[PDB]
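Reading the structure
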Amino acid sequence: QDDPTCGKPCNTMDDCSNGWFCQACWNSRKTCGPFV
C-alpha cells in the first residue's frame, strides 16, 4: 500500500493519475485522496 499521491496538492486530475488508491486530485481540498 504505497499510493504516495495521497496528500499531494493539485488543481487538476493529472496530479493524481498514478496512485493506486488515491487516484483522485480531490477537489474537496485540492489534496489528492482515496476513492470509494
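This entry, as listed in the PDB, derives from solution NMR.

Moving on, we get to the packing of aromatic side chains. Enumeration according to the criterion identifies 1 aromatic pair in this entry. Relative to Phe21, the ring of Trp20 has its centre 4.9 Å away and its plane inclined at 50 degrees; by these criteria the two rings are tilted.

Moving on: the state of the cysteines. Throughout the structure, instances matching the rule amount to 3 disulfides. Between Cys6 and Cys22 runs a disulfide, and the two sulfur atoms are separated by 2.0 Å. Looking along the S-S bond of the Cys6-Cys22 disulfide, the torsion reads about -75 degrees, which is the left-handed sense. A relative accessible area of 1% means that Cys22 is categorised as buried. What pairs with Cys16 in a disulfide is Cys32, and their sulfur atoms sit 2.0 Å apart. By sequence order of its bonded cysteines, the protein has the disulfide arrangement 1-4, 2-5, 3-6.

Parameters and conventions
- Residues numbered from 1 in each chain as written, not as in the entry; some residues may be left out.
- Heavy atoms only, no water.
- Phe/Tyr/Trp six-rings, centres within 6.5 Å; stacked < 30°, edge-to-face > 60°.
- Disulfide = S-S within 2.5 Å.
- Buried < 20%, exposed > 50% of the residue type's maximum accessible area, 1.4 Å probe, protein only.

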